[PDB]
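Let me begin by presenting the structure, written as structure tokens, before commenting on it.
Any value given below was found using the heavy atoms of this structure, including those in side chains, with hydrogens, waters and symmetry copies removed. Lettering of chains follows the sequences in order, A, B, ..., and the numbering in each one begins at 1.
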Amino acid sequence: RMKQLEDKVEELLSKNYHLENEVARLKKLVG
Amino acid sequence: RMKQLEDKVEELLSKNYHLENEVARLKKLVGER
């Protein structure tokens, strides 16, 4: 269980970084 | 140590959901998906 939680943290972090890059992209297209 | 990791998952999931909602909104604005 400890490793699966450690893996899920790292996974969500990378998803969050992606969604932040999308916002910045879509914010550029509004300009 | 488990409680700490479970708390981190819950925190990052919530952040995810908020970014997702914002991306959905901006895509309608620009005329994307």
Side-chain angles (χ1 to χ4, degrees), chain A residues 1-2 4-6 9-27 29-31, chain B residues 1-27 29-33:
Chain A
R1 197 168 144 55
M2 193 81 72
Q4 295 185 275
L5 284 171
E6 297 174 343
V9 170
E10 269 275 44
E11 178 204 304
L12 280 169
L13 186 62
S14 86
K15 296 179 167 163
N16 294 358
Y17 289 159
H18 172 59
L19 292 173
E20 284 174 310
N21 297 331
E22 287 284 283
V23 174
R25 171 182 77 76
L26 281 160
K27 283 177 174 177
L29 273 180
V30 175
Chain B
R1 188 159 158 60
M2 288 253 270
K3 178 178 177 48
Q4 184 169 0
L5 295 158
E6 288 168 0
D7 287 357
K8 194 46 74 197
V9 174
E10 290 169 32
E11 175 196 336
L12 296 172
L13 184 52
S14 179
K15 173 54 167 186
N16 190 260
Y17 286 153
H18 293 289
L19 289 163
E20 276 300 9
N21 298 335
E22 172 160 29
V23 172
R25 291 191 319 257
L26 283 163
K27 281 175 177 156
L29 186 68
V30 307
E32 190 165 286
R33 179 196 140 44

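Note: A:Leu26 CG to B:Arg25 CZ = 11.5 Å, rounded to the nearest 0.5 Å. Separation of atoms CG (B:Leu5) and CE (B:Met2) is listed at 8.5 Å; rounding is to 0.5 Å. Atom-to-atom distance recorded for B:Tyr17:OH and B:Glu20:CD is 9.5 Å, nearest 0.5 angstrom. Considering NZ of B:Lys15 and NZ of A:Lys15, their distance stands at 16.0 Å, rounded to 0.5 Å.
By the side-chain hydrogen bond (donor to acceptor under 3.5 Å, both in side chains) test, B:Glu11 is found to be paired with B:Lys8, residues two or more places apart in sequence or in another chain being considered. Every salt bridge (charged side-chain N to carboxylate O under 4.0 Å, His left out) that B:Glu6 has, sequence neighbours left out, goes to A:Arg1.
With hydrogens and angles ignored, the 3.5 Å screen pairs a side-chain donor or acceptor of A:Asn16 with a backbone N or O of B:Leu12.
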Applying salt bridge (charged side-chain N to carboxylate O under 4.0 Å, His left out) to B:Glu22 and A:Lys27, what does each step give before you reach the verdict?
CA-CA 10 Å; B:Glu22 172 160 29; A:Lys27 283 177 174 177; 3.4 Å; yes
One pair to check against side chain to side chain contact (heavy atoms under 4.5 Å, CB included): A:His18 and A:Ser14. What are the steps and the verdict?
CA-CA 6 Å; A:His18 172 59; A:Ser14 86; over 6 Å; no
